[PDB]
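Novice: Can you keep this structure in mind? I'll have questions shortly.
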Amino acid sequence: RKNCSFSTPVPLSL
Amino acid sequence: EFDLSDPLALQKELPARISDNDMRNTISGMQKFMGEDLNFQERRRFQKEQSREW
Amino acid sequence: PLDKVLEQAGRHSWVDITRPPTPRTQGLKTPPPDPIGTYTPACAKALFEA
Amino acid sequence: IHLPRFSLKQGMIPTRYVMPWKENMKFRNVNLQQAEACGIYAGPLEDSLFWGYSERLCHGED
Amino acid sequence: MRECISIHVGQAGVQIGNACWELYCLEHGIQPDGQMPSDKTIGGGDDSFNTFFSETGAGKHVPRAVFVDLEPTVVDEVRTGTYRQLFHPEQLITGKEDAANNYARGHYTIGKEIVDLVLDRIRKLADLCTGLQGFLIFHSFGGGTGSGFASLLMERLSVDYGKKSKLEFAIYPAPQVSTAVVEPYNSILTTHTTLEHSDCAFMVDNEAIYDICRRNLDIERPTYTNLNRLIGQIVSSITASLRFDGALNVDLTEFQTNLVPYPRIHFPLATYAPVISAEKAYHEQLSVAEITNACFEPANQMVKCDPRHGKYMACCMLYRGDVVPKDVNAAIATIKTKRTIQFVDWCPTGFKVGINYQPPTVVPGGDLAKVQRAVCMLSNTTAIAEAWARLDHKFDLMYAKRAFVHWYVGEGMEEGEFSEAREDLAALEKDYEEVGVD
Amino acid sequence: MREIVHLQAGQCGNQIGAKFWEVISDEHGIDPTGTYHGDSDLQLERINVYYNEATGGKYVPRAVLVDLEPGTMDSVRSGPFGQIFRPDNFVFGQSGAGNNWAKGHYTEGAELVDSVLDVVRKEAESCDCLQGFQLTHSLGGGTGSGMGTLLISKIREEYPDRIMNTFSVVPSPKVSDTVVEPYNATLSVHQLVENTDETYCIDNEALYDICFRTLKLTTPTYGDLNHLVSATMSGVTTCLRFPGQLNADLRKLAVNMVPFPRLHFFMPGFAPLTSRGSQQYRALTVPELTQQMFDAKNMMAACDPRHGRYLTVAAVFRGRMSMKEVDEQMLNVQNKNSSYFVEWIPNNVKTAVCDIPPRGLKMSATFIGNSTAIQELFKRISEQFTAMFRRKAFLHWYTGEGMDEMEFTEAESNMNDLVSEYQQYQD
Amino acid sequence: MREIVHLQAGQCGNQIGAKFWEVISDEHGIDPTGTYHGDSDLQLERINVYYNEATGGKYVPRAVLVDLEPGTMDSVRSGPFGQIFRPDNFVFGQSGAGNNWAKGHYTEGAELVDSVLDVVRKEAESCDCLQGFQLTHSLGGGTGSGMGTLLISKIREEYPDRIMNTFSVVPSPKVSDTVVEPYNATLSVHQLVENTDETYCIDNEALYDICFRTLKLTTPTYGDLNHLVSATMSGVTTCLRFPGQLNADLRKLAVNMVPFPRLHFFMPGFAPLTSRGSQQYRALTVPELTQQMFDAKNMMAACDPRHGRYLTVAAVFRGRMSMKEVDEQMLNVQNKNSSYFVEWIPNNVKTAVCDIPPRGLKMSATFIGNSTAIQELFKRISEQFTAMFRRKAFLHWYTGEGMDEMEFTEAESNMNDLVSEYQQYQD
Ligand SMILES: Nc1nc2c(ncn2[C@@H]2O[C@H](COP(=O)(O)OP(=O)(O)OP(=O)(O)O)[C@@H](O)[C@H]2O)c(=O)[nH]1
Ligand SMILES: Nc1nc2c(ncn2[C@@H]2O[C@H](COP(=O)(O)OP(=O)(O)OP(=O)(O)O)[C@@H](O)[C@H]2O)c(=O)[nH]1
Ligand SMILES: Nc1nc2c(ncn2[C@@H]2O[C@H](COP(=O)(O)OP(=O)(O)OP(=O)(O)O)[C@@H](O)[C@H]2O)c(=O)[nH]1
């Protein structure tokens, strides 16, 4: 399962 | 450093691969590999197990 | 087996370089100097200067 | 301007070729003199007979 | 007084040097700390070390040498070795960049910035020195950093200091082994630069050094530790007249005056006779005659030259140990009667004998023999031109097809200098032949 | 002091560099977390040529990761050693690759070249003096060639005085998967020869052959292949890291390696490769190393140099050896095939011995080679390029990208120029 | 030091080589596992002539097994000593022989000769200096003769300065099972005499007669027949590896054996063969050995040399003997039958004495013979060839293979030349 965590940029970090 | 090539240096030859469970064999050693498959038969065993239950 | 072929080929006096090839001994002459055939001219010289 | 021209399609043709006339080293130079002593073809440096499952003629892509 | 200075350029020139003081420190009883036992030998620096070490009021034997290098690895590990406390810190000159086997790189790119600092060491060593007969230069012809930097330093030390001796020591290129194809480039480059300035250049080849090991020492697998050991006792033997006296003492000035016949050629050949294994020494006997025969046996020389293919000019024998005038003079007299040996008709006498009372000692944990009578054979013959003859046909082709020139011209050099060296060489053979003609 | 910074390019390099780094970390005894386990003094001394010192003895890898697809970085970041990796070094784009060389070389690169340049010069200013750089990428990879060709072009001019090591994998000759790959290859390689000084050529099929030959484990992972190539890359880098009387500098090697500028393609070679029972059936001796060391089967890079001639050969030996066995073996191989080298140069052998054995085995070696076997490589890419460009197959994308056929005209001419470049020296 | 590498060829040779190697291993006292039990210094000293040393006191046999059918090597592998043989040496093809000479000589070998050459040269490079080679196969064997003629040729140009020892068994004269065997024999023997220098002639029927005569045990196994030939083939090889004043070199023997080049075919001879009660009824003395050594019931090779005369005779005595017994025995036999020798050469006897007895018996010997008794052999094969070539029976296969009737014409003429050669020299 892909840990889609680092992908988040500052405006879109949740 | 008397050793170099001693006449009986073979008696002093310690293998790098006495067994699969040897301490000196680390990751940086190519002799200790990871695609080597003891799991092959284990895969075979569990492939039979899964296939049946499937 | 070179031994049999050379004598069975015909020409008995194979010149042996030095040995006078008898006017009767000359049998199957090699093909005319030709590179394509198995008589490329390069060899032809070598025997002569030999 | 010269262009490569090949033959039609076959089925049991090989993909690749070796051409020991230009693929021998022990007698490499030797076969070179007879290349012009006969003058068959040297032409482009880089030619084969079988590109992939394909035929052509002796004249390399010229 | 009677002293000299050692310089070691290149990581090839260092491990061989490191052995030398390791050897030297034993016969003086030097402790690794840098201090004697409770025995009284310290002072302002005046005892057996005064010509070698500087054990001043500080009580620490300071070697009179400067190691010069371009790569920190090998020089730092010996600064983490066992005698690193002995060695003066910045005497062990290093660099952060290499010459990449290029003569010119160390000779131009890095040479200018480094030579001043060692020149500072040179003059600060010079000012403390008193008699300083000459220098000890340990280098390598196939030097990646040895070649270029040794030439430049030898230039600057020659121009400022021209009135003393310059003693050169480098491993001669292997006639049939080449670890680098750029080796012929810089080797002849070094030779032509060194012909007009060097005083006494001494060479050696490691292949024949190996050949001895499994011949009589019976070692199929020697090492640098042994290799540096054998050359180390070689320079110890030539410096034995310095450390010890004998029936007669000789010095480098006598060597230079008596060895070199004519200008240019100053390249004699060294040999050490009592080379034998441990037990092979035991159940046999050593005397002057057999070692006098052995010293002139063609297969005992370390350079791949057949003496019968040449002719002798000079031969110097250094007898270190218990010897008497009687046997040696008759023995050499029998040698002069030998017919196969062909000295040049020029010299009736060509022999320089040095007698030293002191028997050579073994090194703890060593591999040498138990020698009571030793002799070092410094000789110059005409069988040497084949070596340069080997090099020129090696060089003439590769220069005509100018391999790797794009590096040297790419770093800022040109072909005229390469043009110079070949007739500088080409003169050398013809000069060797004209003198070879009687 | 002289150090190296790495570049991990293309989606292959994403696997290449990831495996490459973890081997180094496992070699030097650093935990996956990062707190180095002080165990070996020598590897404690020379880590600064590759890793810097962070807080609390954490040794940061000095490499920059660049791609377009976040999923690759996420797996790389979420790998066993992505935690030691820096998000500082994670630069990427927000667009789809399409595996288009021109997109990564003209469209997608244009807005990312500035960002990656800022990152690398920051890392360049982080260090004092470099030998140069090295790059894990592929010649046939969409992003890797696209970003690589851009970055190699730009990095040439600002530091024109360093070592431009390149590491590219050649796709499978039997099948390239990507069909525009030969276009991508030709586009990349045209500029590659103009910029690079050193290049490693690697092929997957031979690795599969090696797997069939000595691995004998039927089903490996591509990471297993990554593990093999990393060891070769590790072995060549062991020269600089480790002590022993061997001259390690690539420039020291390069001056001995290539006589004329156009030779930048160099092939690897490795030492003992062993099978199931043969680990305990092998008498580990320098001869049998040397015999296996020079095997046409031991080759992995491109194709058998049996077809061609040996220009320059350089083997580095890792472990406890001596100058004599390598010397006589050098004599033995010289006498074995004296004719099989080129008469242009005698004594074309360059030897180095690393006294530090690897962590797991003692007797080991690596080889870098330059023979006349690459003709097979670019001949294949040539008649490939002929067939497609003859009828301009798959072209409207690049014209849509703004690419014109004239660009390819000098590309093939430059390549065919290199074709003449090899043999006419050789033959 | 000089050594020997063996070739295990043909499907019988696989069977034969298994017995010959285990006999050697048992003779030197190595367990079937491989851990040599140090018992005799001389056999400890002189095993390197045949066996290389593996790890752990293991003496790896330097032999190569070759075949096509997978049935054999696995049975050879599953034998008591297959674990001692190396899978490295197990080279084979993926086809059926058909017991076809041409398939084994032209079709199947061609893609297999490449690999086997690599294996032997790898073994050749593993060694330093060889006397030569010895090969076990059969003359009428489909694959052994098919490859053997190929393999002996290849080693001829590879090393024309070594021993081309050959060990072949001729099939049963009364019946041959394989009906194309005389075609296989005649074709193969043509190339052999060109390439071979030594030939051992062994026939099965004599072994059955020997089984009838001295074994007296009704039903043996074929391996028991292999036990005999292994004992004999070991016996001739006892010369080299054992001390004692006997000059062992095959060249030493061959120059004593071969007065003219066409003398390639040699016959074996062996020493005491004992029956049920004769072990406890025999007073072992050099006279009774010599009598039994020269017994017409003792021969096993071809047939009675009574029909012809004796060209050269050479017996090697193994055990605790001396000249004075062999001298008079050599004198006695000359006085016994002086006329049965040829007037061409006097004193045609060559004597060697191995002072080291075998394991189990003390006084032993082996004999190699050159007598005019081979004419019956190849005149026999002569009519068969004519009896099958007059109507070209069983010929369509080989024409499909690519054989033409002309190849037969010179081949038979070559043997016909030998018929006169053997006849004219003696008659
Ligand atoms: N004097 C000496 N020479 C050695 C030793 N070991 C190997 N050599 C030889 O000496 C040569 C060294 O020359 P270079 O490599 O140019 O040395 P350098 O110029 O000081 O700098 P590097 O290239 O880094 O070593 C090598 O090619 C070896 O063949 C040694 O211990 N002492
Ligand atoms: N990571 C990885 N790359 C592989 C593998 N097998 C082959 N490759 C090749 O390695 C090449 C280089 O990767 P990249 O340069 O990142 O490729 P790209 O620019 O993203 O474009 P693509 O070629 O479509 O992947 C790819 O083109 C693949 O063809 C594999 O198993 N893993
Ligand atoms: N295995 C086996 N072979 C035997 C025996 N007796 C005789 N032979 C012969 O030994 C010969 C040599 O074997 P190979 O050279 O391996 O034969 P091949 O080339 O595979 O083809 P064929 O001879 O037709 O079997 C065979 O032709 C058999 O006829 C026996 O008892 N066992």
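Rule-based calculations on the coordinates, nothing more; no lab input. Neighbour counts are summed over all protein chains in view; Cβ atoms, including those assigned to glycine, are modelled from backbone coordinates with ideal geometry.
Novice: With a cut-off of 8 Å between alpha carbons and a minimum separation of six or more residues, what is the relative contact order of region F:285-383 in percent?
Specialist: In percent, rounded to a whole number, it is 45.
Novice: Looking only at G:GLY38, G:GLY104, G:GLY319, which one moves most when chain G is put into a Gaussian network model with springs between Cα atoms under 10 Å?
Specialist: G:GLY38
Novice: Here's a follow-up. With r as the distance between the Cβ atoms of G:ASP74 and B:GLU13 and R0 = 30 Å, compute the FRET efficiency 1/(1 + (r/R0)^6) and round to 0.05.
Specialist: 0.40
Novice: Which semi-axis lengths, in whole Å and largest first, follow from the square roots of five times the eigenvalues of the Cα gyration tensor of region G:291-369?
Specialist: 23, 16, 10
Novice: Using a ≥ b ≥ c from the Cα gyration tensor of region G:1-50 (square roots of the eigenvalues), is it rounded, prolate or oblate, where a/c under 1.5 gives rounded and otherwise the larger of a/b and b/c decides, a/b for prolate?
Specialist: Oblate shape, in that a/c is at least 1.5 and b/c is the bigger or equal ratio.
Novice: In deg cm²/dmol and to the nearest 500, what is the mean residue ellipticity at 222 nm of the protein assembly as shown if only DSSP H runs of at least 4 residues count, each as -39500 (n - 2.57), divided by the residue total?
Specialist: -12500 deg cm²/dmol
Novice: Turning to a different aspect of this structure: Please report how far the C-alpha centroid of region F:205-256 lies from that of region G:88-128, rounded to the nearest whole angstrom.
Specialist: 32
Novice: Determine, for each peptide in E:107-119, E:130-142, the mean count of other beta carbons within 10 angstrom over its residues, then list the peptides with the highest first.
Specialist: Ranked by mean Cβ neighbours within 10 Å, highest first: E:130-142, E:107-119.
Novice: Can you work out D for chain E in µm² s⁻¹ from Stokes-Einstein, where Rh is the Kirkwood radius over C-alpha pairs, the temperature is 4 °C and the viscosity is 1.567 mPa s?
Specialist: Using the Kirkwood radius from Cα pairs, D works out to 57 µm²/s.
Novice: I would also like to ask the following. Residues in region E:353-387, backbone N under 16 Å from the label point at E:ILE332 (7 Å along the Cα-to-beta-carbon vector): list them, ranges by number please.
Specialist: The answer is E:353-357, E:374-380, whose backbone nitrogens lie closer than 16 Å to the label point.
Novice: Anything over 29 Å Cα to Cα? Flag those among F:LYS336/G:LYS154; E:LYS40/E:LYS163; E:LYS112/E:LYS166, in the order listed.
Specialist: As for pairs spanning more than 29 Å Cα to Cα, those are E:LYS40/E:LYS163.
Novice: Determine the shielding of peptide F:274-284 by partner chains: average, over its residues, the number of Cβ atoms on other chains within 10 angstrom of each Cβ.
Specialist: Shielding by partners across F:274-284 averages 6.
Novice: Given a cut-off of 18 Å, name the pairs among B:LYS32/F:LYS216; D:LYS22/F:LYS350; F:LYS252/F:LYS324; G:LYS174/G:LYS216; F:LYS252/F:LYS350 whose C-alpha atoms lie farther apart than that in the structure shown.
Specialist: Those over the limit are D:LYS22/F:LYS350; F:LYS252/F:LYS324; G:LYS174/G:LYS216.
Novice: If you don't mind, there's one more thing I want to ask. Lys and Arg at +1, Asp and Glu at -1: add these up for the other residues within a Cβ distance under 12 Å of E:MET302 and post the number.
Specialist: Its environment carries a net charge of -2.
Novice: For an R0 of 60 angstrom, estimate the FRET efficiency from the Cβ-Cβ distance between G:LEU217 and E:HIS406 and round to the nearest 0.05.
Specialist: That pair, G:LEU217 with E:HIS406, gives E of 0.10.
Novice: So how compact is chain B: Cα radius of gyration and Dmax in angstrom?
Specialist: Just the Cα atoms of chain B yield Rg and Dmax of 19.4, 65 Å.
Novice: While we're here: Could you check the simple spin-label distance between F:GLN423 and E:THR223, using points 7 Å along Cα→Cβ, in nm with one decimal?
Specialist: Result: 5.1 nm between the two label points.
Novice: Show me the helices of chain E, taken as full DSSP H stretches, that run 24 Å or more along their long axis by Cα and average 0.0 or above in Kyte-Doolittle hydropathy.
Specialist: E:11-27, E:111-128
Novice: Given region E:65-156, report the % of alpha carbon pairs whose separation exceeds 20 Å.
Specialist: 37
Novice: Now a separate question. Using only Cα atoms, locate the centre of region G:1-29 and the centre of region G:49-71, then give the distance between them in Å, rounded to an integer.
Specialist: After rounding, the separation between the Cα centres reads 9 Å.
Novice: Under unit Cβ charges (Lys, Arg +1; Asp, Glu -1), what dipole magnitude, rounded to 20 debye, does region E:224-312 have relative to its Cα centre?
Specialist: 360
Novice: Taking the Cα centre of region F:309-427 as the origin and placing charges on Cβ (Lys, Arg +1; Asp, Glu -1), which of F:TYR425, F:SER371, F:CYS354 is farthest toward the positive end of the dipole?
Specialist: Selected residue: F:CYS354.
Novice: Next question, about the same structure. Note the direction-averaged projected area, equal to a quarter of the hull surface, for the Cα convex hull of region E:1-130, in nm².
Specialist: Over every viewing direction, the Cα hull of region E:1-130 projects on average to 8.1 nm².
Novice: How big is the antiparallel share of DSSP beta bridges in chain G, given as a percent to the nearest 5?
Specialist: Looking only at bridges with both residues in chain G, the antiparallel portion is about 35 percent.
Novice: Could you tell me the center-to-center distance, by alpha carbons, between region E:43-105 and region G:305-319 in angstrom?
Specialist: Going from one Cα centre to the other spans 80 Å.
Novice: Sequence gap at least 6, Cα distance under 8 Å: using those rules, report the relative contact order of chain E to the nearest whole percent.
Specialist: Dividing the mean separation by the residue count of chain E yields 16 percent.
Novice: Okay, next question. Quick one: Debye curve from the C-alpha atoms of region F:1-143, no solvent, what's log10 I(q)/I(0) at q = 0.13, 0.14 Å⁻¹?
Specialist: Scattering profile of region F:1-143, log10 relative to I(0): -0.58, -0.67.
Novice: How big is the dipole moment of chain B about its Cα centre under a simple scheme where the beta carbon of each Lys and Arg is +1, that of each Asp and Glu is -1, and everything else is neutral? Debye, nearest 20, please.
Specialist: Here chain B has a charge dipole of around 440 debye.
Novice: Can you pull a Stokes-Einstein diffusion coefficient for region F:281-320 at 20 °C (1.002 mPa s), Rh from Kirkwood over Cα pairs, as a whole number of µm²/s?
Specialist: Stokes-Einstein gives a translational diffusion coefficient of 179 µm²/s.
Novice: If you don't mind, another one. Taking each residue in F:241-249, count the Cβ atoms of any other chain within 10 Å of its Cβ, then average. What number comes out?
Specialist: Across the residues of F:241-249, the mean count of other-chain Cβ atoms within 10 Å is 4.
Novice: In debye to the nearest 20, how big a dipole does region F:346-399 give about its Cα centre with +1 on each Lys and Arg Cβ and -1 on each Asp and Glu Cβ?
Specialist: Dipole magnitude for region F:346-399 comes out near 220 debye.
Novice: I've got another one for you. Need one value for G:51-57: mean number of C-beta atoms belonging to other chains within 10 Å of its residues' C-beta atoms.
Specialist: 4
Novice: Explain nothing, just compute: Karplus ³J(HN,Hα) = 6.51 cos²θ - 1.76 cosθ + 1.60, θ = phi - 60°, for every residue of region F:6-12 in order, whole Hz, x for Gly and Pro.
Specialist: Result, ordered by residue: 9, 10, 10, 10, x, 6, 5 Hz.
Novice: Take every Cα pair under 8 Å in chain F that's 6+ residues apart, average their separations, divide by the length, and report that relative contact order as a whole percent.
Specialist: RCO, chain F: 16 percent.
Novice: Hey, got a sec? Which chymotrypsin sites (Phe, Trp or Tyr not before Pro) in region G:334-414 land in a DSSP loop and have at most 15 other Cβ atoms within 10 Å?
Specialist: G:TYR340, G:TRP344, G:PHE394
Novice: Separate question: Rule-of-thumb check for region F:193-276: C-alpha Rg over 2.2 N^0.38 Å?
Specialist: 1.30
Novice: How big, in percent, is the set of alpha carbon pairs in the protein assembly as shown lying more than 59 Å apart?
Specialist: That fraction is 34 percent.
Novice: When the Cα atoms of region F:253-344 are enclosed in a convex hull and the volume is divided per residue, what value in Å³ results?
Specialist: 129
Novice: Hey, another quick one. Along the principal axes of its C-alpha atoms, what lengths does region G:149-240 span, in descending order and rounded to whole Å?
Specialist: 47, 39, 16
Novice: Please report the Cα spread of region E:197-237 along all three principal axes, rounded to whole Å, starting with the longest.
Specialist: Largest to smallest, the principal-axis extents are 40, 19, 16 Å.
Novice: Starting from a label point 7 Å past Cα on the Cβ side, list the distances from G:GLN291 to the same position in the other copies, nm, shortest first.
Specialist: So the distances to the same position in the other copies read 5.2 nm.
Novice: With each label point set 7 Å from Cα along the Cα-Cβ vector, what nm distance links G:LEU361 and C:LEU2?
Specialist: According to this spin-label approximation, the distance is 4.5 nm.
Novice: Put the label 7 Å from Cα along Cα→Cβ for G:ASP39; what are its distances to the other copies, in nanometres, shortest first?
Specialist: 4.6
Novice: Now, a different point. F:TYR340 label points, 7 Å along Cα→Cβ, one per copy: pairwise distances from this copy to the rest in nm, shortest first?
Specialist: 5.5
Novice: Using all C-alpha to C-alpha distances in chain F, build P(r) with 10 Å bins and read off the rounded percent in each one.
Specialist: Calculated over all Cα pairs of chain F, the distribution is 4, 21, 32, 27, 13, 3, 0 percent.
Novice: For region F:229-293, state what percent of all Cα-Cα pairs lands in each successive 10 Å bin, counting from 0 Å until the bin that includes the largest distance.
Specialist: In whole percents, the pair-distance histogram is 16, 36, 35, 12, 2.
Novice: Between C:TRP14 and E:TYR108, with labels modelled 7 Å along Cα→Cβ, what's the label distance in nm to one decimal, could you check?
Specialist: 6.5
Novice: Using the Kirkwood radius over C-alpha pairs as Rh, can you work out the diffusion coefficient of region F:278-427 via Stokes-Einstein at 4 °C, viscosity 1.567 mPa s, in µm² per second?
Specialist: Estimated diffusion coefficient is 69 µm²/s.
Novice: Farthest toward the dipole's positive end in chain F, which of F:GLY71, F:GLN43, F:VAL175, given Cβ charges of +1 (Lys, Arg) and -1 (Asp, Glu) about the Cα centre?
Specialist: F:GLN43
Novice: With the convex hull built on the Cα atoms of region E:271-376, state its orientation-averaged projected area in nm².
Specialist: Averaged projected area of region E:271-376's Cα convex hull equals 7.4 nm².
Novice: Quick one: if the Förster radius is 30 Å, what FRET efficiency do F:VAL175 and F:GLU405 give, using the C-beta to C-beta distance and rounding to 0.05?
Specialist: Computed FRET efficiency for F:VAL175 and F:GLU405 comes out at 0.70.
Novice: So for each of B:38-44, E:274-280, E:242-248 I average, over its residues, the number of other beta carbons within 10 Å; can you give me the resulting order with the highest mean first?
Specialist: Highest to lowest by the protection proxy: E:274-280, E:242-248, B:38-44.
Novice: Per-residue counts of other Cβ atoms within 10 Å, averaged by peptide: what ranking do you get for F:248-257, D:7-16, highest first?
Specialist: Descending packing order for the listed peptides: F:248-257, D:7-16.
Novice: Let me ask something else. Just the Cα atoms of region E:211-310, one point each, no solvent: what log10 I(q)/I(0) does Debye give at q = 0.15, 0.17 Å⁻¹?
Specialist: Rounded to two decimals, the profile gives -0.83, -1.06.
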